[PDB]
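Engineer: This is the structure I have questions about; it appears just below.
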Amino acid sequence: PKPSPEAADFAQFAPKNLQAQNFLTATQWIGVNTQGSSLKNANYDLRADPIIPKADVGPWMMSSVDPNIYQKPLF
Amino acid sequence: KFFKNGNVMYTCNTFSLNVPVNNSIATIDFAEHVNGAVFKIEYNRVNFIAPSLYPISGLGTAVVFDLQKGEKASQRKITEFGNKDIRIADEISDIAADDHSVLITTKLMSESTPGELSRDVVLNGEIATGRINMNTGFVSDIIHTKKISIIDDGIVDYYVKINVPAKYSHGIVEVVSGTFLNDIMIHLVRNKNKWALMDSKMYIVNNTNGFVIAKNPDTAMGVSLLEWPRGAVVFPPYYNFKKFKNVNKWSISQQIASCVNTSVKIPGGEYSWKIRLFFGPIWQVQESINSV
Amino acid sequence: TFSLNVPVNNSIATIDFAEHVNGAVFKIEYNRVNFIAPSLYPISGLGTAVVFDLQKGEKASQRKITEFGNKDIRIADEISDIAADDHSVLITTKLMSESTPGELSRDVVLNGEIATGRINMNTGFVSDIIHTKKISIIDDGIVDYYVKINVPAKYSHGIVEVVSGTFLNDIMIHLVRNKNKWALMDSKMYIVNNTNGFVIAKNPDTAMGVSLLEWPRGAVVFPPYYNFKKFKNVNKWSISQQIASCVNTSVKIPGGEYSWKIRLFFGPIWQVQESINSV
Amino acid sequence: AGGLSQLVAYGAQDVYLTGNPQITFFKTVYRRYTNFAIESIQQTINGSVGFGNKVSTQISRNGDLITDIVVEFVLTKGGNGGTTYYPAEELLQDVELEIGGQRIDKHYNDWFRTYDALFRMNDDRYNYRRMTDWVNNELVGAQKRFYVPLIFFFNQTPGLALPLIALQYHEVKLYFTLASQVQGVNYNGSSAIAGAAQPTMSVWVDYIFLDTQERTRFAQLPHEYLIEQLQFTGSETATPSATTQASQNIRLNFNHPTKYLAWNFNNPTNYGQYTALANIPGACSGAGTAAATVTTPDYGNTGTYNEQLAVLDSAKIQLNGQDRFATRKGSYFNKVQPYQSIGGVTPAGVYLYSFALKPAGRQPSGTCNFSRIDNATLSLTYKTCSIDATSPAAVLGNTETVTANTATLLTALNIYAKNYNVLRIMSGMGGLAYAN
Amino acid sequence: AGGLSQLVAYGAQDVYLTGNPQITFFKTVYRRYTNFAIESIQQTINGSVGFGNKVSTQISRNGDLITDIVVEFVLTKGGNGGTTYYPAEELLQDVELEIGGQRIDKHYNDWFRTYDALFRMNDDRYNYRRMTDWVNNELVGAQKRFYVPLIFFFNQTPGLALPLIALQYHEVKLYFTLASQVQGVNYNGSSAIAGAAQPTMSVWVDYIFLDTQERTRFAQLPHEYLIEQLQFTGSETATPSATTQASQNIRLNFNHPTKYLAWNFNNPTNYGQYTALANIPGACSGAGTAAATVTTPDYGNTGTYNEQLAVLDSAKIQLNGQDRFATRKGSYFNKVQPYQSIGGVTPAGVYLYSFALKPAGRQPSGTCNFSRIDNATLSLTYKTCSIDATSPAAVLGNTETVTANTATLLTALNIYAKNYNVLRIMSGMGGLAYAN
């Protein structure tokens, strides 16, 4: 699965010079976006807003603002 | 607070020539690697479930031995005059039964052989349920270790550990909750006279003469003790109590003094206990152990 | 004064204490097994509801003269045996607990300041060397007795125990380490059991059993360096181990701590053999 | 007499102090560490070095971890003593930290000045200035070497050193923008100085060389580091000279757990100027005599301690339409907050409000995570710039709500947020745990 | 090559340094913490605010714990530059902390000046000066908002914060006494200044509001705090005139384990004057000119470092009539003790003797249990006050056992003791466990 010029095969040595890897990163590179769309609508008032599921009942006014619930309320 | 996440203690303890030596012939070592918060160990269809709630919860071969409790070690460090369960230093915060409010320091494992290093806690917290006061910090200064070493033969050696600068009391080696579905309770005497099957009393306390223990409803768990400390260095008449209790679901006990000695102090070193457990049908357990 | 000319003669045996202090008279008894220490000398009696002598008891001794088997000249002893009454021996500590005495005893020269035969070597009656004793009586009837010697920069011969048995010991028997069977040989009434001898017993009818536990040896590479033990089984019973039976100038002894552990117990000749056979 | 007097005079209250001892002060046991050596190694620079030019360095794996990167310059004066003010920082206009192709952080000239204004304030601010400015009244033509230690998350403490051996498949590199104008070197005020030579620069990287057993673990094990980031977009103000005590509500654009906010009101022409110019000592060029010019600072004394020359009358931070604390006057954020949170002098014109107990430290101690809130706004009330900057009787003698008529030059509003993020290093590649 | 060349050079003499490593410097772990937010609000002042008046400030229960408290005063100058000396803390004459009807301690005008003189010792004391005094040569009529942080046992560290969520039945109050005479604002020396306006006073208290899980525990479980107290009784000096050398024995009416004794010699009408006046720069008004007056200080430079102007020759402290240590000269307690225990500089005329290894910190480190000492004394030997203060050559060039004739004005002796107690919090009430 490799062209010959790429490297000398590693054997009979153990300096621990190089890493093993999958060679691809994605979400863990860019970083997880915690905001999502939750700040388009808002909870300016402090009590947590009970959630009514985003059931997309209508075909024309779906929206994409996310549930926006506070992770932990003030209680 | 007294419910702080952790604390430290200093104990001053000195002695000269008034301490016998209990040889803790069993010891523990590790060559395993650090894991996170759960183990799932299998060999020969024997599973061990080790949740974050505490490291030994359930096990079996498509069966379980309890619903609620796994094994734990503990101590009764001081039992002033034979009083009640005042100071039980359990490895499980069973008082909560939901959060494991027990500091864990290291959790090494490899497939087939998990280990453990953890601190214990005061089972009663700070509440003086007796006529005496108990302790201060919830988390105590005693550490425990485990090694659950499964051997290709279908057997597992279970090692536990206890240490404290000084104790002249009662130790709790394993608090076990074997299910009530083990109708046959049978053990062999070291004189190899017979297997002493007895169920008329359902009150079984297997003393020193008891060699190995087994229980089953025709599918069995075997128990064979290997090593425990003794003052076997010069063999003095110093107390070294070893016995089992089967009046409860199951418990393994070890005691040093009857709440107080005449005038003797304590090594304060490491204590150890190595017990061999293994599983299979009534036939396989009996056939294997009868080899010795 | 030496550097690195000594082999590792490893004293695997050592003695320690877990006892308290008491004054100047000790009697230890448990399960009919007793030892009497009248402070005339450390041990005068032993046995299980029996006695073996009236005036002689257990002691450890040295044979510092190695001039090719010379006479009793440089004999450092534990007891002022010649006087047999005035215990002119300095004792460092006299310890005890239940069933277990312990003692540290400073030795004396057997012959005294005078020369005997031809030559001597003595700087005073009391010598610097400390011996140790521990007698642990186990509730099963077995009593472990330990002795100790520590002589710096030595090339010597130590006597592990000297004790006098009663004349009532007509039957001699010993077991060869081949464990094939016990060797009932008493026609000589003088048995010298060397390495091949494992355990011994003696009885007029009820027996005293002997089983060795530990003796110093060079077990680091198992060198040919002289490490020979023997019994002297006659009415008087001695156990000894030679390291330098002759004048050895080429190789010396480290001169550190050396101890010996011997397991003694009593009972019917059958029970004694059965107890060992079982092990 | 002597020490035994107190030892015998032992009491009952002492059970809380010396009873049942847990520690002592006179038997220190030291913890044995992993063998390492530190080396200062020059890395190469790509790009033509000069004023207004951009360069970068791709940092090689000389060692195991990076512990400290210091940028240095060789500069000549274009003017006499007092014509400069931290010219090394003005020159080091933008520093961008890239680990694997994605921005991790970026620091600005003005930030370096702000950090120095806030956090690096003991004998270290003088030695810092020795590294970054002219401090001995040097004359035209003087040459010295300058050092500008960088303050990214891995430079402040060795515990956050960047493991290269853990990141073999990602490049680690810095971009540097060199300012086109450096006061007192290329320009005097706004006019070019003839004969201004281009600079020489080098980027030194201090490497950690550590022994084999730990080096193996670093390469083989994944890592998570708690790191700092700087969030920044600049804005502008409208400070009046007359008719109103103006207000401004600026919408902030920050995310992630923020340790503190800090800001200043800068002069876009005179680097590091956060206060008004006045005909008082150190406040303007020639101050105190007839030749005093109030439009140009006495640059070597650009920083001052007189809040009377500030433009900020009051401020509060409003979160989701509601005030998180009540209004404070501007001197509060210049003096009281850094007293409580840092423990040093903050020059006038630099302001901080902390969310943390110890923002000067590394460990989290209280944050405001702007990723969960809808509206972060900084509300400012400004001083009326209506007193004569050239008359000491007015500059040193007026009321709290009025400042110098020259103060309106401080039109650049620089608001910074210092936050936590987590750097995730896995299988030789890294990035951020979270990003908005 | 380089770092590697040192790294491999491992032997026997560094085994006890890096053998079997326990720690590393290159991967730090940050301990997670209970979430909280910092909120700062205004408390109500009950009573008339003004010079010489007394007011009571009632702390509200808007948050769960109390940490930093800062008292603001808005006032104007009655004089030219150098006519003031920390007027903000002279104005804040006495602050008394009361919890549930019982007192904790009481901080005096000059205590505030003393703590600042002998513990807050690095550039932060300049910041402090900026908060409490006039720094930039401000002129008559200038208005400034002063910040006087309180320095009670809980005002520097969050670890001793008042758990008001627990103390629901017993309130915490702050009693404030304001000075009737403030140098440079209402009086110049003893001469009243016409047109002196009253101050505006505001007390700001920083609340910690924390997560519901630990908040609930705070409200229910008992607590013991390492509360610290300040105990004080004023005394009188015995300063000599000329040819005679005085000494005096002061009985130290202290109780409870102490960390240190701190004392100063004060001119009763010149706040902060701990030294004699002399006709040398910074020592008296007009110093160096023909108008120099050695009976009136240069107020703004009242605090100096020239111990030659000190009054104290030597001292020793006795416990139960026995000497604690042999006699030391005054320079020992001014320069050596703050160096050996704190690491800063103490101005001339202020003296400290420690019992603790770290009297600046709050971790107990050695105390003198005065509750177990039946007769404690401080023995003070004075300098002979024979130097003519008006001759620069006489004050700058004389011996160590003499001082200026103006030292006889230092008639007030102020000896402070810093001590421990235990604040116990139980079911809605708090109080002090020991009282001696």
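Just remember, in the structure tokens the first chain shown is A, the second B, etc., residues are 1-based per chain, and ligands are 1-based in the order shown.
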Excluding residue D:7 and residues on its chain fewer than 2 positions from it, collect all residues at most 12 Å away from it, counting only C-alpha atoms, and give them as an MDAnalysis selection string.
Structural biologist: (chainID D and resid 1:5 9:11 14 18) or (chainID E and resid 319 324 366:370 372:373)
Engineer: Let's have the selection written as a PDB file, in the first residue's frame, with N, CA and C atoms.
Structural biologist:
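And here's part.pdb as it stands now:
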```pdb
ATOM      1  N   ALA D   1      14.023  31.942  79.965  1.00  0.00           N
ATOM      2  CA  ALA D   1      14.149  32.958  78.927  1.00  0.00           C
ATOM      3  C   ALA D   1      14.354  32.303  77.566  1.00  0.00           C
ATOM      4  N   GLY D   2      14.176  33.087  76.504  1.00  0.00           N
ATOM      5  CA  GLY D   2      14.346  32.587  75.151  1.00  0.00           C
ATOM      6  C   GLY D   2      13.176  31.735  74.694  1.00  0.00           C
ATOM      7  N   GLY D   3      13.439  30.897  73.691  1.00  0.00           N
ATOM      8  CA  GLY D   3      12.402  30.104  73.054  1.00  0.00           C
ATOM      9  C   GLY D   3      11.635  29.173  73.965  1.00  0.00           C
ATOM     10  N   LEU D   4      12.276  28.678  75.028  1.00  0.00           N
ATOM     11  CA  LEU D   4      11.559  27.757  75.896  1.00  0.00           C
ATOM     12  C   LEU D   4      10.403  28.438  76.606  1.00  0.00           C
ATOM     13  N   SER D   5      10.390  29.777  76.667  1.00  0.00           N
ATOM     14  CA  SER D   5       9.347  30.460  77.413  1.00  0.00           C
ATOM     15  C   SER D   5       8.006  30.191  76.751  1.00  0.00           C
ATOM     16  N   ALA D   9       4.694  27.709  77.773  1.00  0.00           N
ATOM     17  CA  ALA D   9       3.461  28.476  77.887  1.00  0.00           C
ATOM     18  C   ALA D   9       2.558  27.979  76.758  1.00  0.00           C
ATOM     19  N   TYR D  10       2.136  26.724  76.887  1.00  0.00           N
ATOM     20  CA  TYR D  10       1.287  26.035  75.930  1.00  0.00           C
ATOM     21  C   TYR D  10      -0.145  26.101  76.447  1.00  0.00           C
ATOM     22  N   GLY D  11      -1.097  26.396  75.560  1.00  0.00           N
ATOM     23  CA  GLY D  11      -2.483  26.490  75.987  1.00  0.00           C
ATOM     24  C   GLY D  11      -3.541  25.638  75.327  1.00  0.00           C
ATOM     25  N   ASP D  14      -4.327  26.448  71.334  1.00  0.00           N
ATOM     26  CA  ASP D  14      -3.293  25.869  70.500  1.00  0.00           C
ATOM     27  C   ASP D  14      -3.682  24.542  69.870  1.00  0.00           C
ATOM     28  N   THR D  18      -1.005  24.002  67.008  1.00  0.00           N
ATOM     29  CA  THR D  18       0.128  23.116  67.208  1.00  0.00           C
ATOM     30  C   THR D  18      -0.244  21.764  67.809  1.00  0.00           C
TER      31      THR D  18
ATOM     32  N   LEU E 319       8.798  38.048  78.241  1.00  0.00           N
ATOM     33  CA  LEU E 319       7.663  37.177  78.539  1.00  0.00           C
ATOM     34  C   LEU E 319       7.805  36.679  79.966  1.00  0.00           C
ATOM     35  N   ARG E 324      12.984  37.652  75.855  1.00  0.00           N
ATOM     36  CA  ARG E 324      12.740  36.760  74.723  1.00  0.00           C
ATOM     37  C   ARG E 324      14.001  36.600  73.894  1.00  0.00           C
ATOM     38  N   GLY E 366       4.092  29.385  63.768  1.00  0.00           N
ATOM     39  CA  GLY E 366       4.804  29.836  64.949  1.00  0.00           C
ATOM     40  C   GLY E 366       4.090  30.980  65.633  1.00  0.00           C
ATOM     41  N   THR E 367       3.672  30.773  66.874  1.00  0.00           N
ATOM     42  CA  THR E 367       2.953  31.798  67.607  1.00  0.00           C
ATOM     43  C   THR E 367       3.399  31.884  69.058  1.00  0.00           C
ATOM     44  N   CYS E 368       3.166  33.064  69.630  1.00  0.00           N
ATOM     45  CA  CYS E 368       3.410  33.348  71.034  1.00  0.00           C
ATOM     46  C   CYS E 368       2.047  33.342  71.696  1.00  0.00           C
ATOM     47  N   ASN E 369       1.822  32.395  72.603  1.00  0.00           N
ATOM     48  CA  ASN E 369       0.501  32.270  73.202  1.00  0.00           C
ATOM     49  C   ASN E 369       0.401  33.215  74.392  1.00  0.00           C
ATOM     50  N   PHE E 370       0.007  34.473  74.124  1.00  0.00           N
ATOM     51  CA  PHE E 370      -0.082  35.511  75.151  1.00  0.00           C
ATOM     52  C   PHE E 370      -1.128  35.204  76.208  1.00  0.00           C
ATOM     53  N   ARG E 372      -1.203  32.663  77.845  1.00  0.00           N
ATOM     54  CA  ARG E 372      -0.489  31.879  78.841  1.00  0.00           C
ATOM     55  C   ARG E 372       0.705  32.627  79.423  1.00  0.00           C
ATOM     56  N   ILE E 373       0.819  33.922  79.147  1.00  0.00           N
ATOM     57  CA  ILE E 373       1.909  34.766  79.629  1.00  0.00           C
ATOM     58  C   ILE E 373       1.281  35.738  80.615  1.00  0.00           C
TER      59      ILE E 373
END
```
Engineer: Determine, counting only C-alpha atoms, which protein, DNA and RNA residues have an atom within 10 Å of an atom of stretch 77-94 of chain B; residues of the same chain fewer than 3 positions away are not included. Present the result as a PyMOL selection string.
Structural biologist: chain B and resi 53-56+69-74+97-104+118-125+127-135+138-144+164+166-172+175+257-260
Engineer: Applying 10 Å and only C-alpha atoms, which residues near residue E:195 remain after dropping the ones on its own chain fewer than 6 positions away? List them as a list in words.
Structural biologist: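 The neighbour list is residues 78, 185 and 186 of chain E.
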Engineer: If you take only C-alpha atoms and a cut-off of 8 Å, which residues of chain D touch chain A, and what are their nearest atom pairs and distances in Å to one decimal, in chain and number order, as JSON lines?
Structural biologist:
```
{"residue": "D:102", "atom": "CA", "partner": "A:30", "partner_atom": "CA", "distance": 7.6}
{"residue": "D:165", "atom": "CA", "partner": "A:18", "partner_atom": "CA", "distance": 7.9}
{"residue": "D:166", "atom": "CA", "partner": "A:19", "partner_atom": "CA", "distance": 7.8}
{"residue": "D:168", "atom": "CA", "partner": "A:19", "partner_atom": "CA", "distance": 7.1}
{"residue": "D:169", "atom": "CA", "partner": "A:23", "partner_atom": "CA", "distance": 7.7}
{"residue": "D:216", "atom": "CA", "partner": "A:16", "partner_atom": "CA", "distance": 6.3}
{"residue": "D:219", "atom": "CA", "partner": "A:19", "partner_atom": "CA", "distance": 6.4}
{"residue": "D:220", "atom": "CA", "partner": "A:19", "partner_atom": "CA", "distance": 6.8}
{"residue": "D:320", "atom": "CA", "partner": "A:44", "partner_atom": "CA", "distance": 5.1}
{"residue": "D:321", "atom": "CA", "partner": "A:44", "partner_atom": "CA", "distance": 6.6}
{"residue": "D:371", "atom": "CA", "partner": "A:35", "partner_atom": "CA", "distance": 5.8}
{"residue": "D:372", "atom": "CA", "partner": "A:35", "partner_atom": "CA", "distance": 6.7}
{"residue": "D:373", "atom": "CA", "partner": "A:39", "partner_atom": "CA", "distance": 7.3}
{"residue": "D:374", "atom": "CA", "partner": "A:39", "partner_atom": "CA", "distance": 5.5}
{"residue": "D:424", "atom": "CA", "partner": "A:28", "partner_atom": "CA", "distance": 7.5}
{"residue": "D:427", "atom": "CA", "partner": "A:21", "partner_atom": "CA", "distance": 4.9}
{"residue": "D:428", "atom": "CA", "partner": "A:19", "partner_atom": "CA", "distance": 6.3}
{"residue": "D:429", "atom": "CA", "partner": "A:25", "partner_atom": "CA", "distance": 7.4}
{"residue": "D:430", "atom": "CA", "partner": "A:29", "partner_atom": "CA", "distance": 6.1}
{"residue": "D:431", "atom": "CA", "partner": "A:29", "partner_atom": "CA", "distance": 4.1}
{"residue": "D:432", "atom": "CA", "partner": "A:31", "partner_atom": "CA", "distance": 4.9}
{"residue": "D:433", "atom": "CA", "partner": "A:31", "partner_atom": "CA", "distance": 4.8}
{"residue": "D:434", "atom": "CA", "partner": "A:31", "partner_atom": "CA", "distance": 4.0}
{"residue": "D:435", "atom": "CA", "partner": "A:31", "partner_atom": "CA", "distance": 4.5}
{"residue": "D:436", "atom": "CA", "partner": "A:33", "partner_atom": "CA", "distance": 5.0}
```
Engineer: Quick one: contact table of chain B to chain D, 8 Å max, nearest atom pair and distance in Å to one decimal per residue, counting only C-alpha atoms, chain and number order, as JSON lines?
Structural biologist:
```
{"residue": "B:8", "atom": "CA", "partner": "D:22", "partner_atom": "CA", "distance": 7.9}
{"residue": "B:9", "atom": "CA", "partner": "D:22", "partner_atom": "CA", "distance": 6.3}
{"residue": "B:10", "atom": "CA", "partner": "D:22", "partner_atom": "CA", "distance": 5.1}
```
Engineer: What's the 12 Å shell around residue D:359, counting only C-alpha atoms, without same-chain residues fewer than 5 positions away, as JSON, numbers by chain?
Structural biologist: {"D": [115, 118, 119, 228, 258, 259, 260, 261, 262, 337, 338, 339, 340, 341, 342, 343, 352, 353, 354, 364, 365, 366, 367, 417, 418, 419, 420]}
Engineer: Env of residue E:46: 12 Å cut, atoms = only C-alpha atoms, seq-sep filter 5 positions within chain, self excluded. Answer as a count of residues only.
Structural biologist: 14
Engineer: With a distance cut-off of 10 Å and only C-alpha atoms, select the neighbouring residues of stretch 271-273 of chain D, excluding the residue or stretch itself and same-chain residues fewer than 4 positions from it, and output the selection as a PyMOL selection string.
Structural biologist: chain D and resi 84-87+89-90+109-114+117+181-183+264-267+277+297+299+301-304+348-350+409-410
Engineer: List every residue of stretch 4-56 of chain A that DSSP, applied to the backbone, labels as alpha helix (DSSP H), and write the result as a ChimeraX atom specification.
Structural biologist: /A:27-30
Engineer: Take the residues that were just selected and, keeping C-alpha atoms, output them as a PDB file, in the first residue's frame.
Structural biologist:
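Just written: result_36.pdb:
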```
ATOM      1  CA  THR A  27     -14.232  17.587  14.461  1.00  0.00           C
ATOM      2  CA  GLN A  28     -11.531  17.090  17.106  1.00  0.00           C
ATOM      3  CA  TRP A  29      -9.297  19.394  15.011  1.00  0.00           C
ATOM      4  CA  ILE A  30     -11.654  22.266  14.340  1.00  0.00           C
TER       5      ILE A  30
END
```
Engineer: So what do you get for atom CA of residue D:81 versus atom CA of residue D:184, distance-wise?
Structural biologist: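 Rounded to one decimal, the two atoms are 9.3 Å apart.
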Engineer: I need the chain E residues near chain D as a short mmCIF file (atom, residue, chain, number, x, y, z; two decimals) with N, CA, C and O atoms, in the first residue's frame; criterion: at most 6 Å, counting only C-alpha atoms.
Structural biologist:
```cif
data_model
loop_
_atom_site.label_atom_id
_atom_site.label_comp_id
_atom_site.auth_asym_id
_atom_site.auth_seq_id
_atom_site.Cartn_x
_atom_site.Cartn_y
_atom_site.Cartn_z
N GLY E 3 21.78 20.37 24.22
CA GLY E 3 20.90 19.92 25.29
C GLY E 3 21.08 18.43 25.51
O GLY E 3 21.01 17.95 26.65
N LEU E 7 22.07 16.20 28.72
CA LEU E 7 21.00 15.23 29.11
C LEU E 7 21.59 13.85 29.44
O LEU E 7 21.20 13.27 30.47
N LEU E 17 18.57 13.41 42.70
CA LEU E 17 17.80 14.45 42.01
C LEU E 17 16.77 13.90 41.03
O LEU E 17 15.62 14.35 41.04
N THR E 18 17.16 12.95 40.17
CA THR E 18 16.22 12.41 39.19
C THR E 18 16.02 10.90 39.23
O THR E 18 15.37 10.37 38.31
N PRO E 21 11.79 8.98 39.28
CA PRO E 21 11.03 10.24 39.32
C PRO E 21 9.61 10.13 39.86
O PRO E 21 8.87 9.19 39.57
N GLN E 22 9.24 11.13 40.66
CA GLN E 22 7.91 11.28 41.24
C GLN E 22 7.09 12.36 40.57
O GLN E 22 5.86 12.25 40.51
N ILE E 23 7.73 13.41 40.06
CA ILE E 23 7.05 14.56 39.46
C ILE E 23 7.68 14.85 38.10
O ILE E 23 8.76 14.37 37.77
N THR E 24 6.96 15.64 37.31
CA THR E 24 7.51 16.25 36.11
C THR E 24 7.15 17.73 36.09
O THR E 24 6.16 18.13 36.70
N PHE E 25 7.94 18.52 35.38
CA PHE E 25 7.69 19.94 35.18
C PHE E 25 6.98 20.26 33.87
O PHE E 25 6.66 21.43 33.64
N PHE E 26 6.73 19.28 33.01
CA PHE E 26 6.28 19.59 31.66
C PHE E 26 4.90 19.05 31.32
O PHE E 26 4.59 18.89 30.13
N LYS E 27 4.06 18.78 32.31
CA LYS E 27 2.68 18.38 32.07
C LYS E 27 1.94 18.63 33.39
O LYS E 27 1.96 17.79 34.29
N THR E 28 1.29 19.78 33.49
CA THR E 28 0.57 20.13 34.70
C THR E 28 -0.91 19.81 34.55
O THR E 28 -1.47 19.82 33.45
N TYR E 30 -4.76 20.65 36.08
CA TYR E 30 -5.49 21.63 36.86
C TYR E 30 -6.75 21.07 37.50
O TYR E 30 -7.66 20.57 36.83
N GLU E 39 -19.89 38.94 42.46
CA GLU E 39 -20.81 40.05 42.25
C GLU E 39 -20.49 41.16 43.25
O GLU E 39 -20.33 40.87 44.43
N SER E 40 -20.43 42.41 42.81
CA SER E 40 -20.13 43.51 43.72
C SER E 40 -21.24 44.55 43.77
O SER E 40 -21.54 45.19 42.76
N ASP E 123 5.60 46.86 44.29
CA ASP E 123 5.01 47.99 43.59
C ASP E 123 3.54 48.22 43.98
O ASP E 123 3.04 49.32 43.77
N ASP E 124 2.85 47.21 44.56
CA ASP E 124 1.44 47.31 44.94
C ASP E 124 1.23 48.43 45.95
O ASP E 124 0.13 48.98 46.05
N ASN E 127 0.43 51.36 44.01
CA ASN E 127 -0.95 51.28 43.55
C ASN E 127 -1.85 51.71 44.70
O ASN E 127 -2.77 52.50 44.51
N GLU E 138 -1.34 67.08 42.18
CA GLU E 138 -2.61 67.76 41.96
C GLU E 138 -2.74 69.03 42.79
O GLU E 138 -2.20 69.15 43.89
N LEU E 139 -3.47 69.99 42.22
CA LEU E 139 -3.64 71.32 42.78
C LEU E 139 -4.99 71.50 43.47
O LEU E 139 -5.88 70.64 43.43
N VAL E 140 -5.11 72.66 44.12
CA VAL E 140 -6.30 73.01 44.90
C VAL E 140 -7.56 72.91 44.05
O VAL E 140 -7.62 73.39 42.91
N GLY E 141 -8.58 72.24 44.60
CA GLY E 141 -9.84 72.04 43.92
C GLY E 141 -9.99 70.71 43.20
O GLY E 141 -11.12 70.33 42.88
N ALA E 142 -8.90 69.99 42.95
CA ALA E 142 -8.98 68.70 42.27
C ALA E 142 -9.85 67.71 43.05
O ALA E 142 -9.75 67.61 44.28
N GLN E 143 -10.70 66.98 42.33
CA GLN E 143 -11.65 66.00 42.86
C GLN E 143 -11.17 64.59 42.57
O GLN E 143 -10.81 64.26 41.42
N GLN E 322 11.06 37.52 81.68
CA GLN E 322 12.25 36.94 81.09
C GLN E 322 12.41 37.49 79.69
O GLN E 322 11.42 37.60 78.95
N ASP E 323 13.63 37.84 79.33
CA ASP E 323 13.90 38.34 77.99
C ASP E 323 13.65 37.26 76.94
O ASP E 323 14.05 36.11 77.12
N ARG E 324 12.98 37.65 75.85
CA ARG E 324 12.74 36.76 74.72
C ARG E 324 14.00 36.60 73.89
O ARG E 324 14.32 35.50 73.41
N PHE E 325 14.73 37.70 73.75
CA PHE E 325 15.96 37.82 72.99
C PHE E 325 16.68 39.00 73.61
O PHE E 325 16.06 39.83 74.29
N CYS E 368 3.17 33.06 69.63
CA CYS E 368 3.41 33.35 71.03
C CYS E 368 2.05 33.34 71.70
O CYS E 368 1.21 34.20 71.39
N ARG E 372 -1.20 32.66 77.85
CA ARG E 372 -0.49 31.88 78.84
C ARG E 372 0.71 32.63 79.42
O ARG E 372 1.52 32.03 80.13
#
```
Engineer: With distances taken over only C-alpha atoms, which residue among C:239, C:39, C:107, C:158 lies nearest residue C:193?
Structural biologist: C:239
Engineer: Record the distance separating atom CA of residue B:59 and atom CA of residue B:161, expressed in Å with one decimal.
Structural biologist: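 Going from atom CA of residue B:59 over to atom CA of residue B:161 covers 21.1 Å.
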Engineer: With chain C as the partner and 8 Å as the cut-off, tabulate the residues of chain B that qualify, each row holding the nearest pair of atoms and their distance in Å to one decimal, using only C-alpha atoms, sorted by chain and rising number, as a Markdown table.
Structural biologist:
```
| residue | atom | partner | partner_atom | distance |
| --- | --- | --- | --- | --- |
| B:17 | CA | C:18 | CA | 4.8 |
| B:18 | CA | C:18 | CA | 4.8 |
| B:19 | CA | C:18 | CA | 5.3 |
| B:20 | CA | C:18 | CA | 5.2 |
| B:234 | CA | C:136 | CA | 6.7 |
| B:235 | CA | C:138 | CA | 6.6 |
| B:236 | CA | C:136 | CA | 6.4 |
| B:237 | CA | C:138 | CA | 7.0 |
```
